[PDB]
Each structure stands twice: as structure tokens, then as C-alpha cells.
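Visitor:
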Amino acid sequence: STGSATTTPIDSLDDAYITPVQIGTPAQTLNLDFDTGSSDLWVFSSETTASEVXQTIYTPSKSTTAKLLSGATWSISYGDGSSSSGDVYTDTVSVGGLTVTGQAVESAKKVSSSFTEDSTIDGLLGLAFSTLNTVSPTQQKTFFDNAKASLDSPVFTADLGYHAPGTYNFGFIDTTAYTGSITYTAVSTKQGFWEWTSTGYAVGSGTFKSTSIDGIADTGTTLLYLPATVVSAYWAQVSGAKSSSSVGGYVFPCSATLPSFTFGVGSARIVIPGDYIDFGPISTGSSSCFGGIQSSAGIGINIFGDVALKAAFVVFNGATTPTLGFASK
């Protein structure tokens, strides 16, 4: 089997992408944030505290295929400080025509204010390794893990758009969705993430610096977070750019034409266009814009978030020894 689903930016800034997910029988369609940086499929629900719901909810008592996973609970906290917790059902989940039965669907009893405040996200669908799932006492498998037995190939691909719709595919590689060839690189699962080591970077039309950058491919992080020295080298090429303590990162004039940023994948190179690094004005009508490449020093891990991933066709190869592929597009 295969599946293919359209993913859409939630807002004009590409803060996140939502993908429809059908849960239950009959299907309840929720728009979830597909997150290669976590491993829980959780949803706003009829169980969620009413004052914390503003979203479409999953009602397990309306699904004939929902089963309570007795004694199971979950609680998750994300790098941006958001969190949620609740109980666990197994149910039928379909994405883009690919159906998994017995998928754990984590029903929120409570959600943090950032989730309440975001009307467009009805929950998350984690796609990191199942060792990061937060269900206790027994962790639950991700949608991808449960799908692998049936898939035509144990792969999924992310093709995120710059201010445009894109695609998540499960089970096949669309050879028309990218240019050139895919270069694959090794993945470490020691921390549960799609963790890999970039071979280096270049700023604009300058030289490629061979420097190992260990980081994670995370569709659920907005920006590209890289080592401080790398980020400084980038913004040194932008004459109005400065770090702003009060805004919380590099800011620059919206009218600047920004240089590209290139990262290495083995011998191959992925070029992020300068426009992708303009994340947008700090407020509507401001002359100042927030940068899409920021230092990872404060969060302690390098993250190839959406600013980077949307410049590539990305293959998440979930064979027993996983690998990560990138192609230009």
C-alpha cells in the first residue's frame, strides 16, 4: 500500500504545516501537525477541558473502532514549552488513503495555552522513532511504524512548500517531485530522532566549509537552528542584520535581498534560497523581519526545521537500518 496527503501552511508565515488525518469509524477528520521530531499521535478531544478548547475534536465515543487502552496515560512537552496529556485509545487512522488499524490515538484531557491559541492545529502526528513515544506503561508505535508491514517500501517523504501546499507520501518515492538524484546519509537513532550529520555549509556564493553538523530533521520545527558560529557567518553577509535580545534572535530589514544557505548531504548540496530565510515581519507593516536561520545554542540541538526542509525533497527511509535522503527540487 501507499498513501499521499496534501500538507498546507497554517498561516502566512509557514509557522507550521497541517495535514488531514482520518480517525475512527466513521472517520473524524482532524488537521494534524506531522512532526518528525516527536512520536505521539495526540488530538484535541471530547475529553479536553472545555475552556482549553477554542479546533476540531476527536470524540472516541462516536467511533465504533475506538478501544480504550486500559491503564495507559501520556504526557508530552515540546521544546517551545507547549504540552498536553491524557489517556489512550487505539483506533483506525488513515492518512492520504493509507489505513492503519490499531493505531494509538492519544486523547488530550488538557492542552497548554499555545495549543488552545492555535485554532488551525487539532493535534500532532509524530513520525520520529517509537522509542520517544510518551505512553506509559507500554510505549506505542507511530503511524509509520504500524504502516511498514503493509507499505510498498518502508519509507515516507516530506515535500513541504514555501508559502505553498506540499505533500507527505508513504510507501513510495515520487521521482517527478525532485531534480537530480537523492543522496542518502546515515541516521543515528540513539536519541530517538532522525538524527544525521551534515558535511558542512556555504553562505551565498562563498566557500563550502567542511564541518560536521549533527542535527535532526524536524518537520515540526519552524526555523533552521544551527551552531552559533555558522549562523553568525550567515548574518555577517546581511548588512542590516543584528541579533535582538528583546525579539529573541537575528532581525534584519525586510527589504534586504538575502543570500542563499547551502548545506551538505555527503557530497551533495541542498541550497536554501535567500527568500526562504526571510521569515517575515516582526509585526505587520514593520520594517524589520525575523531571520529563518537562528542559533541552536539556547536549545542545545541543531534542528533542520521547515526553513531547511522546504528547500528539499526529503526521504525518511525506515528500513531496519534507517537512512535519510535529500534531493533538490
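Mapped onto PDB author numbering, the consecutive letters of the sequence shown carry residue numbers 1 to 54, 56 to 330.
Every residue gets a Cβ at the ideal spot worked out from N, C-alpha and C, and that includes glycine.
(1) For my contact list, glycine 267 and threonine 180 are in at a C-beta cut-off of 8 Å; report their separation, rounded to the angstrom.
(2) Assess contact between the segment 68–86 and the segment 162–181, defined as three or more Cβ pairs (one per stretch) separated by less than 8 Å. Is contact present?
(3) Does the Cβ-Cβ distance between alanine 237 and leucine 325 come in under 8 Å?
(4) What are the start and end residues of the beta strand (DSSP E) that includes residue 331?
(5) Taking the Cβ atom as the reference point for each residue, do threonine 230 and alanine 159 lie within a distance shorter than 8 Å?
(6) Below 8 Å between beta carbons: does that hold for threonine 25 and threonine 65?
(7) In the structure shown, what three-state DSSP assignment does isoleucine 300 receive?
(8) Helix, strand or coil for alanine 159? Go by DSSP, reduced to three states.
(9) Whose C-alpha, out of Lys330, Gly3, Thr200, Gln140, is nearest the C-alpha of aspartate 153?
(10) At a cut of 8 Å, does the segment 12–28 reach the segment 56–65 through at least three beta carbon pairs?
(11) Provide the residue(s) that pair with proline 20 in DSSP beta bridges, ordered along the chain.
(12) On the premise that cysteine 290 lies in contact with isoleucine 300, defined as a C-beta separation below 8 Å, what is that separation, rounded to the nearest angstrom?
(13) Verify whether the separation of the beta carbon atoms of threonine 198 and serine 213 is less than 8 Å.
(14) Excluding the 5 residues preceding and the 5 following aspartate 215 in the sequence, name in chain order all residues of the same chain whose CB lies nearer than 7 Å to its CB.
(15) Could you name each continuous alpha helix (DSSP H) segment of 4 residues or more that falls completely within the segment 136–194, going from the start of the chain to the end?
(16) Does the structure place the segment 9–17 close enough to the segment 94–101 that three or more beta carbon pairs sit under 8 Å?
(17) How many Å lie between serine 233 and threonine 36 at the Cα?
(18) Shortest alpha-carbon distance to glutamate 52 belongs to which of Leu125, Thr117, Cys255, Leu70?
(19) Out of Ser329, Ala5, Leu259, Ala50, which one is the CA nearest neighbour of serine 114?
(20) Please report the Cβ distance between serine 189 and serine 39, rounded to the nearest whole angstrom; I am assuming they are in contact, meaning their Cβ atoms lie under 8 Å.
(21) Using the C-alpha atoms, what's the distance from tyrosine 90 back to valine 308?
(22) By alpha-carbon positions, which one of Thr263, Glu107, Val101 ends up nearest to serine 151?
(23) Are there 16 or more other CB atoms within 10 angstroms of the CB of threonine 48, so buried, or fewer, so exposed?
(24) When the Cα atoms are used, what is the spatial distance from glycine 319 to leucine 126?
(25) Please name the residue or residues paired with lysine 243 in a DSSP beta bridge.
(26) For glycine 293, collect the residues of the same chain with a Cβ closer than 7 Å to its Cβ; drop the 5 residues on either side in sequence, then sort them by chain order.
(27) Could you tell me the distance, in whole angstroms, from the CA atom of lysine 149 to the CA atom of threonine 222?
(28) Around the Cβ of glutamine 295, are there at least 16 other Cβ atoms within 10 angstroms (buried) or fewer (exposed)?
Guide: So, from the data block:
(1) Contact flag wrong, Cβ pair sits at about 17 Å.
(2) no
(3) no
(4) Because the chain in this structure spans residues 1 to 330, residue 331 falls outside the shown range and cannot be described.
(5) no
(6) yes
(7) coil
(8) strand
(9) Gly3
(10) yes
(11) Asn31
(12) About 21 Å separates the two Cβ atoms, so there is no contact after all.
(13) yes
(14) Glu196, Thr198, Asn303
(15) Listed in chain order, the complete alpha helix (DSSP H) runs (minimum 4 residues) inside the segment 136–194 are 144–148.
(16) Not touching, per the Cβ criterion.
(17) 27 Å
(18) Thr117
(19) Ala50
(20) Incorrect: roughly 16 Å between the Cβ atoms, too far for contact.
(21) A direct Cα-to-Cα measurement between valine 308 and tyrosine 90 gives close to 34 Å.
(22) Taking only the C-alpha atoms, the option nearest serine 151 is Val101.
(23) buried
(24) 16 Å
(25) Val252
(26) Counting only Cβ-Cβ distances below 7 Å, and skipping sequence neighbours, we find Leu224, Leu225, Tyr277, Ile278, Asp279, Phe280, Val308.
(27) 25 Å
(28) buried
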